Amino acid sequence: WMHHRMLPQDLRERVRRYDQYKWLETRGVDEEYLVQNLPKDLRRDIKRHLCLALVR
Amino acid sequence: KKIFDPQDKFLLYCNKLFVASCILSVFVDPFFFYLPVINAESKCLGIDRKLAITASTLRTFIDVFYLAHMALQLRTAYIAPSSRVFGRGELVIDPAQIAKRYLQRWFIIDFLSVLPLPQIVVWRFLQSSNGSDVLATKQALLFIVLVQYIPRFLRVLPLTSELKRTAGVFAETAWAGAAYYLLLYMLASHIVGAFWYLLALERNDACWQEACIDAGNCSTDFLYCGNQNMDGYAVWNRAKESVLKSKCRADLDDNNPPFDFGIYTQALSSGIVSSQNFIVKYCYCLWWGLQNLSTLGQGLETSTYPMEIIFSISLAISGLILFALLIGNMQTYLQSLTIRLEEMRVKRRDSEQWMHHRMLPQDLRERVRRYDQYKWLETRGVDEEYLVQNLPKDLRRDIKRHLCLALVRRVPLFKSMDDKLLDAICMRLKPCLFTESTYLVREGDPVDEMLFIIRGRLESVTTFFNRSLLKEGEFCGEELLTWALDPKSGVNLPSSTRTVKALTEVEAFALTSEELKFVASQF
Amino acid sequence: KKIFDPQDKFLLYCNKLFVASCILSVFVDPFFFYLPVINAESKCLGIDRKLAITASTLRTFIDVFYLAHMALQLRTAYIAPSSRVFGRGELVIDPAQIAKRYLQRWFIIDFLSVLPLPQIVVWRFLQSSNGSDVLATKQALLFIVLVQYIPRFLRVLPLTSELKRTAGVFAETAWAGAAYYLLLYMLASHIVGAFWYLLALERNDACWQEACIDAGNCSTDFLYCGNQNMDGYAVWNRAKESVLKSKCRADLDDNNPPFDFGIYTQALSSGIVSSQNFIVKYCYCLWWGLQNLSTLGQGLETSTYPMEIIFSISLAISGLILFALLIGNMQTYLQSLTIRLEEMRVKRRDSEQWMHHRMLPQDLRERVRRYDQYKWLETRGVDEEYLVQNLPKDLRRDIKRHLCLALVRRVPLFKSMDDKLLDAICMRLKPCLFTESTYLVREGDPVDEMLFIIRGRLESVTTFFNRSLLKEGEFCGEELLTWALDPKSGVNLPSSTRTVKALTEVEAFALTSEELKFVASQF
């Protein structure tokens, strides 16, 4: 895609750096699809452990 | 005490060496199996002496680099769960807990692998003058080396998982990846050829030690080198090469021998057990390993001796596993390389089936075929708007303005804007494609989009009727602008006054009517 | 200067030959390896003379035909990024900039592949009169041909990438694609058999040059052809076939020979090194290549000479790679050809599990099985509305007017409507399928669609109660027309007055109620 559109060679490096950084943090795992397939009671207990001492 | 953070840069070059030193150490341990020799002119069994110095020097100088690894493993800190801090895990930089974690779970598969058991039985042999101890030295290397391969293979596991986290699971796939399973054949071949050499010398020993208990004038201490100055040896020396060749000779065609050597007759009939050049001896055995691991044992002709049979059964199973692991990875590599091209071929078979079922005229089939061919040459199956929508918002805005700003700065109503709404239209333009002789709009039809020409060349007529031309940079469909601009319009689309037709292949950018009123109601 | 535009039609017919001349030139370089012979009459070593004429004519008449390519490469422009474009790239037509680009990328390994190094050592040999030149000529062809082959293989890479851009990646998948990896076996076999011939003649030379330095009455200049008029040769001529037969004879069964020939004994014991017919000599060696690359060296019996062993290790590895590349590509071809049928089989296994879990009655299982079978026979797993929605808007309208116009022009309200508004109902009609004895609507149920019969035969009753018949072309469900037409309706659906039942298998087109009011409110 970037060879076809003839992008400048400084937007190419920004795209490459975002993709490399996301691969090291997620390993391709989509976690919002994982969390929405759990039952409602346990989804609440996981989201309270992750995000409750940060919004207060 | 300079306690280390696991994502230090310093424990990254100091961990890419402890993986490459664990691969060099499983390649050095087969060299202890080449230590027994045969002195051919004197007919005695000995020990190669410049090999036992070198192969003991190299193992000791390598297994001291791995003493450094356990030193940097007590100055290291680990991550545990907590809900108090919010960075997904608290870092435990605390002595007498990091060390109490370590020496209960991975200290015994690390201490039991550096103990120099082969290095001391060479030192005792080279300080001795009893010539008949070359059998105890040769005996205490098969089991030592074979049982000290559990820790020296198993200890590569906790260090590859730490290279699985900093530079990722990734690594290249051309000149790596499928090159890794050809270099595993080469190490399995190297362990197998050295087992074969060592078991051939023990069958030759079993033959000799029983032609001496029938000749009457022999003791089993005269067969080993360095025992020529004993009484009774001057009688045995007179009749060595009549007994030892009427009873224990090796020949590849002799179908009725006094001793059966089995799979080992090729090593005693060629003379590599008495060979003086080490390159000849090494290369001959490594090619035996590679040739018998690739054909899965098919040329092997055993005897009725059971441990020889168990060695042969092991080769045919190891070769079955290695072959399947190589064919497995080469195919997953090749299937991932032609995925976009295999999708295009499935799409064309689906189109031919659908047009045969509905029984279409032959001039509509050719229009469908030409559009599909043109789109494959322009995109190669890549979906561009799915790619762009997965980038972060700041960089998406920088990519769309390199592509769509000089086009929208040619509409005169758009150059009268504040460069904030001028970057909200560049983020809803989407690409389009038109083959030759297609009609972009017909006169009297409801106008549904504006278009901006990138490539190609069109024509336009109005009511032979003062026809016109359009080329790159010009636009089309600005009756929708006057509709969406003022609220004197109603929710109904205007009608076209032109007929636009393509004379070559066109590329354009498009702007939907439901996206033009959302921009216009920012006034 | 007629500077060329890279997608000219001429540079696409003048580049489909420079690819087929590079495939033809890597098949000609093995023919230099068939130049040494043995004269069986005189027992001397020579050079085949018509083969060295012919194989030097052909390489020179191809390297200069390739010499035209880089001149045309000196006249070609290139594309660079810019934001002043309207077309995604500025064309650079300055001749001061295209050549300075060219002599940094692919000029060094294009130049070192036309240099006639094998063509001059034939010319210097054929102008000479001392017969002891057949060793320097034979020595300066193994390394020259073997090292001047990294450019003649590397120079295909840019020209293939320039055919991966204008003609797609698809050539053909059944009459090609998997036929490409069988024609690679045939070229690898052809290089391997010619290496084997040449190394057999060097072992025969090594044997002869040492039965002459032990006989005492020989100099090594008498073994080469054309040195019969020298003093000392008349003494040697009297004892040729006593020394060269008691020391360097070849026999396939002699298990104790004076010289070991190893993998080369089959070429010296059959006599193809002294053969006069070239077809026999070529075919014998090419079949040795194909037979030993296919079974990966299983039948080879080497000697203890170390370069013979390295040559065998190379064959066992190259054959492992070629085989895996052939099973990989056949399986990706076959998996892509049955993709719709395997998906029907997976869908068939899921339904039995679901109906066994819920414990359905056995009359409801057969109704599900019949619908699945009928739909597989009618569609072959092809999704037709997803196909149609991906075509451009002008061609969608033509396909949908060919399929659905003579059905909507049998409704009396619709035939009087319009011509532009008839082309908006023939865009929302969607196909349907009904097995036998199913109820299309029941009396007293809310009507939700109109239907248009394509195939099949139905019946209809109203309140045994003046029953009726319907066939192809007729319609059903026009109580929704009176509902959606006037705004005297409310947002609620009417109730049916009929009961329609299928007597055979039906196909229809359907019109949803939420799509009928959107058409009706265009009045």
# chains A, B, ... in the order shown; residues from 1 in each chain; ligands from 1

$ interface_residues --of "chain C" --to "chain A" --cutoff "8 Å" --atoms "only C-alpha atoms" --output "list in words"
residues 80, 81, 82, 88 and 89 of chain C

$ write_last_selection --atoms "N, CA, C and O atoms" --output "PDB file, in the first residue's frame"
ATOM      1  N   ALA C  80       9.094   9.013  -8.484  1.00  0.00           N
ATOM      2  CA  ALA C  80       9.550   9.453  -7.170  1.00  0.00           C
ATOM      3  C   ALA C  80       8.400  10.121  -6.420  1.00  0.00           C
ATOM      4  O   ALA C  80       7.461  10.605  -7.062  1.00  0.00           O
ATOM      5  N   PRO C  81       8.411  10.172  -5.084  1.00  0.00           N
ATOM      6  CA  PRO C  81       7.293  10.799  -4.372  1.00  0.00           C
ATOM      7  C   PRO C  81       7.349  12.317  -4.426  1.00  0.00           C
ATOM      8  O   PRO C  81       8.415  12.930  -4.515  1.00  0.00           O
ATOM      9  N   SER C  82       6.163  12.915  -4.353  1.00  0.00           N
ATOM     10  CA  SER C  82       5.951  14.356  -4.405  1.00  0.00           C
ATOM     11  C   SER C  82       4.515  14.627  -3.988  1.00  0.00           C
ATOM     12  O   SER C  82       3.647  13.762  -4.109  1.00  0.00           O
ATOM     13  N   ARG C  88       0.089  10.517  -7.697  1.00  0.00           N
ATOM     14  CA  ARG C  88       0.927   9.726  -6.785  1.00  0.00           C
ATOM     15  C   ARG C  88       2.315   9.459  -7.344  1.00  0.00           C
ATOM     16  O   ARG C  88       2.750   8.311  -7.325  1.00  0.00           O
ATOM     17  N   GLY C  89       3.015  10.470  -7.844  1.00  0.00           N
ATOM     18  CA  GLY C  89       4.382  10.287  -8.270  1.00  0.00           C
ATOM     19  C   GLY C  89       4.809  11.147  -9.436  1.00  0.00           C
ATOM     20  O   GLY C  89       4.152  11.180 -10.478  1.00  0.00           O
TER      21      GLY C  89
END

$ closest_atom_pairs --of "chain B" --to "chain C" --cutoff "6 Å" --atoms "only C-alpha atoms" --output "tab-separated table"
residue	atom	partner	partner_atom	distance
B:327	CA	C:324	CA	5.6
B:331	CA	C:328	CA	5.0
B:377	CA	C:168	CA	5.9
B:454	CA	C:86	CA	5.6

$ select_by_dssp --residues "segment 109-186 of chain B" --states "alpha helix (DSSP H)" --output "PyMOL selection string"
chain B and resi 109-111+120-126+134-139+142-147+150-154+157-163+182-186

$ write_last_selection --atoms "N, CA and C atoms" --output "short mmCIF file (atom, residue, chain, number, x, y, z; two decimals), in the first residue's frame"
data_model
loop_
_atom_site.label_atom_id
_atom_site.label_comp_id
_atom_site.auth_asym_id
_atom_site.auth_seq_id
_atom_site.Cartn_x
_atom_site.Cartn_y
_atom_site.Cartn_z
N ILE B 109 18.29 -27.71 37.56
CA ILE B 109 18.40 -27.99 36.13
C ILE B 109 19.41 -26.98 35.61
N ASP B 110 20.12 -26.36 36.54
CA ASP B 110 21.22 -25.47 36.22
C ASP B 110 22.51 -25.79 36.97
N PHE B 111 22.44 -26.41 38.15
CA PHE B 111 23.66 -26.80 38.84
C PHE B 111 24.18 -28.14 38.33
N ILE B 120 37.44 -35.10 34.45
CA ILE B 120 38.30 -35.70 35.46
C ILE B 120 38.76 -37.10 35.08
N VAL B 121 37.98 -37.83 34.29
CA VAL B 121 38.40 -39.17 33.90
C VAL B 121 39.43 -39.12 32.77
N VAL B 122 39.64 -37.97 32.16
CA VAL B 122 40.79 -37.81 31.27
C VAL B 122 42.04 -37.52 32.09
N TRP B 123 41.92 -36.70 33.14
CA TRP B 123 43.04 -36.36 34.01
C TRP B 123 43.61 -37.56 34.75
N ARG B 124 42.77 -38.50 35.17
CA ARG B 124 43.27 -39.69 35.83
C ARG B 124 43.96 -40.64 34.86
N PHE B 125 43.49 -40.70 33.61
CA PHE B 125 44.12 -41.56 32.61
C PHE B 125 45.50 -41.03 32.23
N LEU B 126 45.63 -39.72 32.05
CA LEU B 126 46.90 -39.18 31.59
C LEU B 126 47.94 -39.12 32.70
N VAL B 134 42.51 -48.67 29.83
CA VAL B 134 41.86 -47.97 28.74
C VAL B 134 40.43 -48.44 28.55
N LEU B 135 40.02 -49.50 29.25
CA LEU B 135 38.64 -49.96 29.20
C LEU B 135 37.75 -49.27 30.23
N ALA B 136 38.29 -48.92 31.40
CA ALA B 136 37.49 -48.19 32.38
C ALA B 136 37.24 -46.74 31.95
N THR B 137 38.26 -46.09 31.39
CA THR B 137 38.10 -44.75 30.81
C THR B 137 37.06 -44.76 29.69
N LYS B 138 37.13 -45.75 28.80
CA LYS B 138 36.18 -45.86 27.70
C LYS B 138 34.78 -46.22 28.18
N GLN B 139 34.67 -46.97 29.27
CA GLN B 139 33.37 -47.31 29.84
C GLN B 139 32.71 -46.13 30.52
N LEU B 142 30.27 -43.30 28.00
CA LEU B 142 29.00 -43.49 27.33
C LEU B 142 27.84 -43.06 28.21
N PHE B 143 27.82 -43.53 29.45
CA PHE B 143 26.73 -43.25 30.38
C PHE B 143 26.80 -41.85 30.97
N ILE B 144 28.00 -41.33 31.23
CA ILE B 144 28.15 -39.98 31.75
C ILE B 144 27.63 -38.96 30.74
N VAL B 145 28.11 -39.02 29.50
CA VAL B 145 27.69 -38.09 28.46
C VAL B 145 26.23 -38.31 28.10
N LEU B 146 25.76 -39.56 28.11
CA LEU B 146 24.38 -39.81 27.75
C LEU B 146 23.39 -39.38 28.84
N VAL B 147 23.77 -39.39 30.12
CA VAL B 147 22.85 -38.96 31.17
C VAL B 147 23.03 -37.49 31.53
N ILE B 150 20.21 -34.55 29.77
CA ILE B 150 18.95 -34.02 30.30
C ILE B 150 19.13 -32.57 30.76
N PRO B 151 20.10 -32.20 31.62
CA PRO B 151 20.16 -30.78 32.01
C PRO B 151 20.71 -29.87 30.94
N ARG B 152 21.69 -30.30 30.15
CA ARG B 152 22.29 -29.43 29.16
C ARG B 152 21.40 -29.19 27.94
N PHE B 153 20.35 -29.99 27.75
CA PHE B 153 19.30 -29.67 26.80
C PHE B 153 18.14 -28.94 27.43
N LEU B 154 17.78 -29.29 28.66
CA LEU B 154 16.58 -28.74 29.27
C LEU B 154 16.77 -27.31 29.76
N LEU B 157 15.34 -23.83 27.86
CA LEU B 157 13.94 -23.45 28.03
C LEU B 157 13.69 -22.13 28.79
N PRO B 158 14.29 -21.85 29.98
CA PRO B 158 13.92 -20.60 30.66
C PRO B 158 14.56 -19.35 30.07
N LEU B 159 15.45 -19.51 29.09
CA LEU B 159 16.13 -18.36 28.52
C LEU B 159 15.55 -17.97 27.17
N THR B 160 14.94 -18.91 26.46
CA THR B 160 14.27 -18.57 25.21
C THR B 160 12.97 -17.82 25.47
N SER B 161 12.35 -18.06 26.62
CA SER B 161 11.14 -17.33 27.00
C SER B 161 11.43 -15.88 27.37
N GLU B 162 12.69 -15.54 27.63
CA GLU B 162 13.05 -14.16 27.87
C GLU B 162 13.50 -13.44 26.61
N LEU B 163 13.83 -14.16 25.56
CA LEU B 163 13.97 -13.58 24.23
C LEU B 163 12.65 -13.60 23.49
N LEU B 182 16.83 -27.33 8.74
CA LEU B 182 17.93 -27.99 8.06
C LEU B 182 19.18 -28.07 8.92
N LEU B 183 19.35 -27.15 9.86
CA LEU B 183 20.46 -27.17 10.79
C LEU B 183 20.21 -28.06 11.99
N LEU B 184 19.05 -28.70 12.05
CA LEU B 184 18.74 -29.68 13.08
C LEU B 184 19.03 -31.10 12.61
N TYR B 185 18.79 -31.37 11.32
CA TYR B 185 19.36 -32.52 10.64
C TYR B 185 20.86 -32.63 10.82
N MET B 186 21.58 -31.51 10.72
CA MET B 186 23.03 -31.54 10.79
C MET B 186 23.57 -31.84 12.18
#

$ residues_around --residues "segment 43-46 of chain A" --least-positions-apart "5" --cutoff "12 Å" --atoms "only C-alpha atoms" --output "JSON, numbers by chain"
{"A": [31, 32, 33, 34, 35, 36, 37, 38, 51, 52], "B": [83]}

$ residues_around --residues "residue 427 of chain B" --least-positions-apart "6" --cutoff "9 Å" --atoms "only C-alpha atoms" --output "list in words"
residues 396, 397, 400, 401 and 404 of chain B

$ residues_around --residues "residue 508 of chain C" --least-positions-apart "4" --cutoff "12 Å" --atoms "only C-alpha atoms" --output "ChimeraX atom specification"
/C:403-404,407,429-435,440,449-458,471-476,502
